[PDB]
Structures are given as C-alpha cells and as structure tokens.
Amino acid sequence: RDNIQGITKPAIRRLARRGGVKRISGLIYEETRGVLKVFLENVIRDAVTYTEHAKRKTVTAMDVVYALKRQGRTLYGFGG
Amino acid sequence: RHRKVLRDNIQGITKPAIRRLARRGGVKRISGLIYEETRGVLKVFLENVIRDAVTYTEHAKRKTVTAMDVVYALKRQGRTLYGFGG
Amino acid sequence: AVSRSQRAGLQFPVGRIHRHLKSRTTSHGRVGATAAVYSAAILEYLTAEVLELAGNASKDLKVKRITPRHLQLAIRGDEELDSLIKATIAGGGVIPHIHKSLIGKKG
Amino acid sequence: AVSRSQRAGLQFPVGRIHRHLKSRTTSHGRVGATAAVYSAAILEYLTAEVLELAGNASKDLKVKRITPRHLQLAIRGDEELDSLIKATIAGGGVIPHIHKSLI
Amino acid sequence: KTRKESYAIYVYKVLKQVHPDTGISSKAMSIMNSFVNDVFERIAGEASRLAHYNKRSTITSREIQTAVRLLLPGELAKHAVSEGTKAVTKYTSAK
Amino acid sequence: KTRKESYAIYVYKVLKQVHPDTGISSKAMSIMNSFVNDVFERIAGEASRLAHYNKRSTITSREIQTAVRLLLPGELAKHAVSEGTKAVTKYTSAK
Amino acid sequence: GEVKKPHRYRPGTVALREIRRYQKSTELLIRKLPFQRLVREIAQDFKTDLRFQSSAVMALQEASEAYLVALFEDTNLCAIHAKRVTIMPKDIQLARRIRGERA
Amino acid sequence: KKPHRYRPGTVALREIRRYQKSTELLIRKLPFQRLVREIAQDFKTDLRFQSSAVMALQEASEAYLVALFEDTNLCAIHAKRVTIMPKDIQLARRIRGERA
DNA sequence: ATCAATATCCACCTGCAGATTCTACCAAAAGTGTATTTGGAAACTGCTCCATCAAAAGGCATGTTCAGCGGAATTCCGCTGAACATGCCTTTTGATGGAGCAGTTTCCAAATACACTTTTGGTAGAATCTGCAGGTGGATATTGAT
DNA sequence: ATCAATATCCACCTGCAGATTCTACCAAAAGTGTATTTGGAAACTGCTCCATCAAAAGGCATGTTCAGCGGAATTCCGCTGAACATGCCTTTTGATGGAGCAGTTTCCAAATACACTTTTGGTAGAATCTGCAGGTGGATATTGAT
Ligand SMILES: [Mn+2]
Ligand SMILES: [Mn+2]
Ligand SMILES: [Mn+2]
Ligand SMILES: [Mn+2]
Ligand SMILES: [Mn+2]
Ligand SMILES: [Mn+2]
Ligand SMILES: [Mn+2]
Ligand SMILES: [Mn+2]
Ligand SMILES: [Mn+2]
Ligand SMILES: [Mn+2]
Ligand SMILES: [Mn+2]
Ligand SMILES: [Mn+2]
Ligand SMILES: [Mn+2]
Ligand SMILES: [Mn+2]
Ligand SMILES: [Mn+2]
C-alpha cells in the first residue's frame, strides 16, 4: 500500500461533498491524488528550504506558514 | 478656456476590435451578446486600474497621470507590465 | 504618564506599532509622529469590524464564544471583508450551498 | 585598482547592486561583502538565459535585432522562464495556437 | 524563555467594547492575531513603497492613508480613514 | 538629480557574449531593464524576510542563495546557484 | 450560370484565416484615439482636471489588450469544454468566476 | 428481508449538508502524516516535524482541495452534467493558472 | 393516497477540556526631559511635453443581405456510479525515553564609517550609418464548385 | 479528381526612423586606506515535545444490484459569418502656447539620539470556574413503496 493511496476514496468523497459535489466519476480519485501530491510538493519544498536555511532538522509550523504565504495561499491560525 | 463632454466612449471599443482581440485569443465563432459583455468587463478592469493610478498621482500631488503611476497600479493588482517600468 | 495610545483614545498599542514601523523602513528612514497613531486606529477599526460580525454570528447561534467557524461565517458573508481577507481560516469550513441544478427530483 | 565586478569576474555592476541592497536594508540592516556579488551573478545569469533564447528566435526569423516579440516567443517557449516571468511583455503578442476542435 | 509579542490582549479589549458579554476561543484568537499582523504588514509595506516612489524617507500618516485607500474596499476604506483622521486629531490636541 | 540608472550597458555586454552579431531594439532593452529590476526587487525582498524570520539583521550571500532557491524553478535555480557560488569564491580568493 | 456563382468561402474559413493572422502579429488591436477617450472619461469621473503622459495611456492599452486576449483564451476553453465552438457570455462568466474576479 | 433503499442521489445530498455544516478535517491523520513525511524525504533526509506543522499542512490542503472541488463542479454544471470528471478538474486548474 | 422506515429536530443535561481569575517577577517597553540633526517645504524658475488646432485621405466601421450550419431540443439505451451491508485491519489514543530546539555567554571576523583619489555611466548634441517596414510580384498552396 | 479563384508565402528591394558610433563634460559612483564597533558563529546545555510503541476504538474495502446519467443520434430553426457598398473619423504631420513638472537653495518644524525613570505585557504555576460538545428522548418530517 503506497502512502498516496492512504488518501482514500471515502476521504476524497468527503472533501468533494464539502465542495458541494453531488455525483463523482470513478477516475476522479486518481486525479485528486496527483493534484494533492503536486500541491504538497510545492509547499513542502518551500517549508524545508526555510528549515535548512535556519539550520534545523525540524520543519516548524512557521516554516509551513511562510511557505504557504509565498505561494499566495496564506493561512491564518498557526502563527505568523 | 473651453470644453467637450465625454460620454459613452465605451462604444469606441467596436465590434470589429473585439473580434480582432478574440481572434488573437484563438476564438473562432462569437455569439451576438459577447460584445456588450466584453465592454462591461473592460470598463471594470480599467476602472480598477485607473482608480489606483490616479491615487498614486494625487498622493504625489501631481495633476499628470504618469506611465509610472499606471505601472505601479498594474503591479499592485498582480498584473505586472514590462516596457515602461514594471 | 498618559501613554500615546490612551492619549489617542485607542486600545491598540501606539508605542508598539511605532517601534514596528521603524523596522519596516528604508535603510536610514524615519517615522512621522502621528503615523503610528493612524495605523493603530486602522487596525483597531478592522478588528472591531470583524469581531462585531463574528460576535453577531455567534449570538444568532445562541452561544457565548466566537469560534473560527464564526469568523468564517462573518467574513465570507460580508462582501467587503470577503474581498479583503483572502487567507484560509483554519477550522472555518465553507458557507453552506447547493447548486440549484443538483437539488432536485425536479417536478 | 580592480573593480568589485572585475574582481568577481562579472559584467553586472557589483558596486551598484551593493548600494541598492544597503538602501533596501531595513534600519540597523547590514549587507555582507559577498551578497551583492552573488546577486550580480544571478542577475547576469538570468539575463544571459533570456538573451540566448531571444537571440535564437531573432535568428530563425532572418533578423538581427531582438524585439519584444522575440523576447515573448523565447519566454513563453521555455517551461521555466515562462513560470518565472509572469509579467506582460508589451508588444509581444502570443504564441500561435488553434484548438484541434476548431479546425 | 523569550517573549512572543501578540495582539491578543488588545483584540480582547476591542472585543469587550463590541460585545461586552461575548468570549473568544483560543483558536479564534490565534486567527485574529494572524489577521492583525497580516494587515499591518500589507499597510506598512505599501506605505514605504509610497515613500520610496516619491523619493522621501519619512513614513507619515499621509502615506498610511493612501495605503489604506489602495488596500481596502470602498466602505471599509471610508470608515477606516475616518477612524484614522479622528485618532490623529484627538492625539495632536493634547499634553 | 536627473541621472537615472539603467542596466542597459550591462545587458549589451551579455548580449555580445552570447550572440556577437545580434542587436537589441530600444523597446526590447526596456523590457530587459524592467525584467532585471523586477528580479532584483524579488530577491532582495525574500532575502530580507528570510533574515527577519531568523532574527538576523545582516543580509549575506547565504540569504541571497536561499532567496534564489525559493524564487527560481528547479533547473534555473541550480545553474544560478552554481554561478553565484563561483563568483563569491573567486571574489574572496583575491581577499 | 453566366459568370456563374461568385466565389464564397464557407463560414469558418475566413475566421481561421484571421486567427492565424492576428496570432502572428503584435500590433494593438483597439483604435488609439477612441481608447484614449475611454481612458479620459473614466479618469475624469474619479478626479476632474487630470492630464496624461501619452505613454501612461499606452501602458493602459497594452495592459487592457493583454488582459482581454488572455480572457478570450480561457473563455474559448470553457466553450470547447461545453462542446461548442461559439463563445458565449456564460463562458466569459465561468472563466472569471474561476479566476476569482467579478462584475 | 427488510427491503429499504434510498434513491441514488438522496444520501449524497444528505452528505453535502452534513459536511458543509461541519469544520473538522476529513482526511484521516496518520495517512496524511505519512504522505507528508515521504514527500519531504526527497528534499532532505532525517527530518522531524512539529505537530502544529503537519496540522497546518493538512488545513491548507483540505481548504485547497475543497475549493478546487467547488470550481470543478462549476465546470461539470457548465457542461450540463452533475458528475465531476477529470476534464473538469483539468479545466479548472488550467484557468487558475496552476497547469498540470 | 396510504403505511413504514428513518432522518431530523429541539428541549434538556452533565462532565471536563479549555478558559479564566490570581499572584508575582522582570527584561523590556514606553514615557519624560534635554540637545543635536536633518528632511523636505517654501520659493524661484528653467525647460519638457501635454492639450490643442489644422488639414488631408484612406484605412476601416457600419449596415445590409443571405443562407450554412451550429446550438439546443428530444429520444433513447447501455453502463457506470450510488447505495448497502458483510467482514477485519488501520487509525487513534494515551504513555515514555532522548533529540533538538532554544536560551546563555563568549569574543573575533566582519561590517560600518569617514577621508582621499580615481574611474565611470548618463547625458547633451552635431552627425554619419543601416536594419527593416512595408510595398511589389510572381510561385506555390488552399478552398470550394462540380 | 480536375479546376477556377483567391490567399499566402517568400525573396528581392529601398527611403528613413530608429540605432549604433564619437566628442566633451561632471556629479556621483567606486575603490584604497585607517579607525571603531559588534553581530552572531561557536560551544554548552536544560528541558520541551517529537518519535515510537501498546492497546482500544471504529472507518474502510468489498461485491451486488439497478436507477438514472451521459452521450450518441437525429432534426431543424434562426443567428452568425462572409461579402459588399458607402463614407467618416482615425491617423498622420506640424506648429504653438504654457501648464506643470522638476532642479536648486535656503532654513526650521519635526525626527533622532542619548540618559533616566517608571508601567507593563508576557510568562510561570495554580486554583477554581464554566461553556458546550455530545448523548437522550420523543415529536414530527422526509422519503420511497404501493
Ligand atoms: Mn449554487
Ligand atoms: Mn489546443
Ligand atoms: Mn463623466
Ligand atoms: Mn537637507
Ligand atoms: Mn459609414
Ligand atoms: Mn450541431
Ligand atoms: Mn542533545
Ligand atoms: Mn564613459
Ligand atoms: Mn516585411
Ligand atoms: Mn553582541
Ligand atoms: Mn440525461
Ligand atoms: Mn506655470
Ligand atoms: Mn501586568
Ligand atoms: Mn449539541
Ligand atoms: Mn431518539
């Protein structure tokens, strides 16, 4: 069992429902996973770059928050 | 010491000009309602940009809107322009 | 003593805001005497505006504490704040909404 | 007397770049000796990358001077430059393209 | 243990004048603090860009003011400016 | 005063090295001038915050490098970092 | 017939001819004076007595045509997604809702 | 025996209501934590994570995917369907400028 | 339209996680008084370029006519997702060493600052050079009737 | 498939606008050389909280079944493209007065740099407090079969 498959149909189905979606094609599950992988790669890459620069080995909430902000995806509620 | 009142200049963005813009954007067939919609969308876009440009002009206590004013206004709204400043 | 903030009739920290402005400066730049006052009044005002709407959102739910969900309700529900606050509010969810064409059985 | 640019083996102006960093400083801000050097190298390198490609395009069009149209074919044409340069390039038009379902 | 400044107590005071009998959860306060930090940053940033465009070195209340007109949507700006002029006035006239 | 700084003489030098028999129209040079200013403002900006987040007041070549890794796409970053490194090392080899 | 049926391109043929043409050129497609009046008229309704450097107006025109052209590419994707080749107001609206704009 | 079945689409509408009412996370936690750590491992080894960091990443991702499903639905509805398909997610990302 | 199976709703209830009221200590704020410093306003004014008016002519907008074919309405059928209930494997939760993240103090390599001398990019201006816009013409497509 | 009608592509060709090549100059830039200052790498460390591990919780993978969705097919009205006639208004070229922008210089209200004193927001450990998430029950609504 590959990690990305830990993001299961049921979880993907719940996200879509909160998104007001009514009926889901079967191919949607793999596509959503690719999309999440790309989103997470873009953000983690920036978080880890802030970590290394600070010479730490622990990615912190702030590193994630500054990474999200850099990408135009500002998040409130975790510092900064 | 004179005048001239500006009115309805949005009709100066004519149907042929809109069709040219759509052709460059790769559009092949255009419904009859696209033209008044495009005018409305251009008016809003220019209002937002001219509004910011004029705010920089006034802030600087000038009466002349400069290419730089437009360039900073385009930048604030995320629409960077190269060729005058940026 | 009085204090800049009290002197200006504000709850937000004028002294602190001032200090902070001296650090968002152009190498060797200065900060006007009143700039901090103005800034502090602007932050105080917006904070009041959001608490006021978040506060109504919680009273209309017969509850005493403003939550992230209340803040999400107040912000996405007001055209001007929605426009100004693009950040994701952790724990806020979305405004309920189902497209007319999905709601159905039709006839 | 060797210029800091010459000392670094660069065409882009180190002294000026150092000056500009000191003034975007931030109060008690300091600018290290080598920050301007590294900056002039990134700037000169990006500039080199864009001209290399624009120049190839002005050449496949049997022409000598690079125009905004050549800068635009070069930038939209390269995945990374396209991603890095979101600015509108005045006078560059677009990359020709027609959707298969329209033909 | 080094001090982390926050706007929490000032947010709480403003809360009290607005809904004297309402509270605010921890997670909600964290959000408000992020909101206040974010808005101050966008404002000081525009104001110093304004200063620089005009070959000036001082961030005065006039830059803060144009920055508010550039950052806030119509009504919000109308009142905010109004709240700003009002604090400066009350502060200018004092001892 | 009146004299305005430009990057045009430097862009010309670089153009001569990559395309010895190629010229550049003034419109095109204007775009290159904006492009360079834009990239520099973006790098200095990221380097400042970067320094700020780490409670540092000095912007070193180390901040510029991280700024560059955050701003450029994969491959452009590698080549730029290696050219940045090369120029620092050479520069310090004279002092 | 006598001089028989005067030649006539089928609907769509000249339109494709047009996309090829405008896609390869870079000139401004909106007439200049009328666009300058539109600018003066909107500016005036915000603050009277304003003057304009002629390049300020040229900057707004380049920005505007670059904004419209990119909006027609997105609108064209919404029409084709709907199996049409004709763009409609609903295609433009869909593109702007997804882009996060409004009006 | 007991023959009771809801019509296709009725439970689905009930789910939309329930999930738009609530605010909790919807992806199970450990699986998401594992995914994050694996993606990070390709950028740097032996990394540890503050707990609040993994949580911020999960809050950002879910807000992103939920908002992407809203635009995706708009694209399906634009094409007169009620079922979202990969081409709708694609059209939506293409217009957003994310391309992929 | 009549049941029956279930979902939904609301009044009420209580335990504990999250909030709060309390005391105290202190590095750092924040305010006052006094002295030096300087940015930028006010004023004079040189000098660019913006509004404007003039005239001439053809590129291009407007308005019409006509019919091709695209959009949208309807019909219909195969198949793909929704619903569901059986079956156990993975997540969640609460408890515990030790890894790093922070706080602290040391002390020099590095960065500021100021004085002298030198090198240079910007710019003003008469000036001789040249790439290419855009017009011309004929060779090769491309298109649409039949 | 030939074939008449246009469109397009392409390489040659040429007057000039936009470019590249000096001449003379000058404030500001940029580097050399001492003097003074200090930010933060470097080492040590205490204790938060991150990884891990056992047990208790509960959501997911699975296979069947068929309702109803998507899309293929078919029809057809009416709207949009193509072509054409007519002529207007944008473009082009030039000169003109002068509004307003921008350079230079003087001088003070406003801003900074200490020194000194006093209040305060943040943090620690604790005691008692409480809003409300989550669970009940019973009334009523909803949904789907007949
Ligand atoms: Mn809807
Ligand atoms: Mn295509
Ligand atoms: Mn008007
Ligand atoms: Mn001065
Ligand atoms: Mn006419
Ligand atoms: Mn059709
Ligand atoms: Mn250790
Ligand atoms: Mn020179
Ligand atoms: Mn040509
Ligand atoms: Mn120190
Ligand atoms: Mn159907
Ligand atoms: Mn005047
Ligand atoms: Mn206190
Ligand atoms: Mn409840
Ligand atoms: Mn019950």
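What you see below is based on every heavy atom in this structure, not just the backbone, and it leaves out hydrogens, waters and symmetry mates. Chain letters run A, B, ... following the sequence lines, proteins first and then strands; every chain starts at 1.
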Exercise for the section: Using heavy atoms to find the nearest nucleotide of DNA chain I for C:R65 and H:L13 separately, return the residue whose nucleotide is more 5′. Expected result: C:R65
Exercise for the section: To the nearest Å, give me how far apart CD (B:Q11) and P (J:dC88) are. Expected result: 20 Å
Practice task
Report which part of the nucleic acid C:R7 touches: base, sugar-phosphate, or nothing (heavy-atom distance under 4.0 Å, all strands).
Solution key: nothing
Exercise for the section: Describe the nucleic acid contact of C:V2 in one word from base, sugar-phosphate, nothing, applying a heavy-atom distance below 4.0 Å. Expected result: nothing
Problem - F:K1 side chain near J:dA27 phosphate (N/O to OP1/OP2, under 4.0 Å) - result: no
Practice task
Quick one: label G:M88 by what it contacts on the DNA or RNA (base, sugar-phosphate, nothing), any heavy atom closer than 4.0 Å.
Solution key: sugar-phosphate
Exercise for the section: For F:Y10, answer base if it contacts any base atom (sugar-phosphate contacts may also be present), sugar-phosphate if it contacts only those atoms, and nothing otherwise; contact means non-hydrogen atoms under 4.0 Å. Expected result: sugar-phosphate
Practice task
Answer with yes or no whether the side chains of F:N33 and F:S30 bring together a donor and an acceptor at under 3.5 Å.
Solution key: no
Handout entry: P-based separation of J:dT20 from J:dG98 [nearest Å]
Key = 40 Å
Handout entry: Pairing partner (Watson-Crick or G-U wobble, both distances under 3.5 angstrom) of J:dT106
Key = I:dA41
Handout entry: Base paired to I:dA115 (Watson-Crick or G-U; both N/O distances under 3.5 angstrom)
Key = J:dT32
Exercise for the section: Under 4.0 Å between any heavy atoms, over every strand shown, what does H:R18 touch: base, sugar-phosphate, or nothing? Just pick one. Expected result: nothing
Practice task
Identify whether the distance between the nearest side-chain nitrogen and carboxylate oxygen of H:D46 and A:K57 falls below 4.0 Å.
Solution key: yes
Exercise for the section: Tell me what A:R14 touches on the nucleic acid: a base, only sugar-phosphate, or nothing, going by heavy atoms under 4.0 Å. Expected result: sugar-phosphate
Problem - Pair D:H70, D:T67: side-chain N/O donor-acceptor within cut-off below 3.5 Å - result: yes
Exercise for the section: Please check the phosphate of I:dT38 (OP1 and OP2 only) for any side-chain N or O of C:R30 closer than 4.0 Å. Expected result: no
Exercise for the section: Say whether G:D91 and H:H78, considering side chains only, have a donor N or O and an acceptor N or O under 3.5 Å apart. Expected result: yes
Handout entry: Base-pairing assignment for I:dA1 (Watson-Crick or G-U wobble, both under 3.5 Å)
Key = J:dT146
Practice task
Please check if any side-chain donor atom of H:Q41 sits under 3.5 Å from a side-chain acceptor atom of H:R37, or the reverse.
Solution key: no
Exercise for the section: Would you classify A:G6 as touching base, sugar-phosphate or nothing, given that sugar-phosphate means primed atoms plus P, OP1 and OP2, and contacts are heavy atoms under 4.0 Å? Expected result: nothing
Exercise for the section: Return the value, rounded to whole Å, for the distance between atom NE2 of H:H78 and atom P of I:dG71. Expected result: 11 Å
Exercise for the section: Would you indicate what D:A33 reaches in the nucleic acid, counting non-hydrogen atoms under 4.0 angstrom: base, sugar-phosphate, or nothing? Expected result: sugar-phosphate
Problem - Options I:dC50, J:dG81, I:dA82, nucleotide nearest the side-chain atoms of B:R29 - result: J:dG81
Practice task
Ignoring the backbone of H:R14, work out which of I:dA82, I:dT8, J:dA19 is nearest its side chain.
Solution key: I:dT8
Exercise for the section: Give H:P31 one of three labels, base, sugar-phosphate or nothing, depending on what nucleic acid heavy atoms sit under 4.0 Å from its own. Expected result: sugar-phosphate
Fill in the blank from the handout: Atom CZ of H:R5 and atom P of I:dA5 are separated, to the nearest Å, by 17 Å
Exercise for the section: Just say parallel, tilted or perpendicular for the rings of E:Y10 and C:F12, cut-offs at 30° and 60°. Expected result: tilted
Fill in the blank from the handout: If pairing means Watson-Crick or G-U wobble with both distances under 3.5 Å, then the partner of I:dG68 is J:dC79
Exercise for the section: Quick one: label B:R1 by what it contacts on the DNA or RNA (base, sugar-phosphate, nothing), any heavy atom closer than 4.0 Å. Expected result: nothing
Practice task
Would you indicate what H:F32 reaches in the nucleic acid, counting non-hydrogen atoms under 4.0 angstrom: base, sugar-phosphate, or nothing?
Solution key: nothing
Handout entry: pair G:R51-B:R62: side-chain heavy atoms closer than 4.5 Å
Key = no
Completion exercise
Applying the 3.5 Å cut-off to both distances, the Watson-Crick or G-U partner of J:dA57 turns out to be I:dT90
Practice task
Give E:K95 one of three labels, base, sugar-phosphate or nothing, depending on what nucleic acid heavy atoms sit under 4.0 Å from its own.
Solution key: nothing
Completion exercise
Any strand, both distances under 3.5 Å, Watson-Crick or G-U wobble: J:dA133 pairs with I:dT14
Problem - Exercise: do D:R30 and F:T58 side chains pair donor with acceptor under 3.5 Å - result: yes
Practice task
Check every strand shown and say whether D:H18 touches a base, only sugar-phosphate, or nothing at a heavy-atom separation below 4.0 Å.
Solution key: nothing
Exercise for the section: Hey, which sits more toward the 5' end of DNA chain I by its nearest nucleotide, D:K22 or E:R3? Expected result: E:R3
Exercise for the section: Decide if the distance between the centres of the six-membered base rings of I:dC76 and I:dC77 is under 5.5 Å while the angle between those ring planes is under 30 degrees. Expected result: yes
Completion exercise
Applying the 3.5 Å cut-off to both distances, the Watson-Crick or G-U partner of J:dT140 turns out to be I:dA7
Handout entry: Of B:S31 and H:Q33, the one whose closest DNA chain J nucleotide lies more 5'
Key = H:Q33
Completion exercise
Across every strand shown, the nucleotide meeting Watson-Crick or G-U wobble geometry with J:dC47 (both distances under 3.5 Å) is I:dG100
Exercise for the section: Quick one: label F:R62 by what it contacts on the DNA or RNA (base, sugar-phosphate, nothing), any heavy atom closer than 4.0 Å. Expected result: nothing
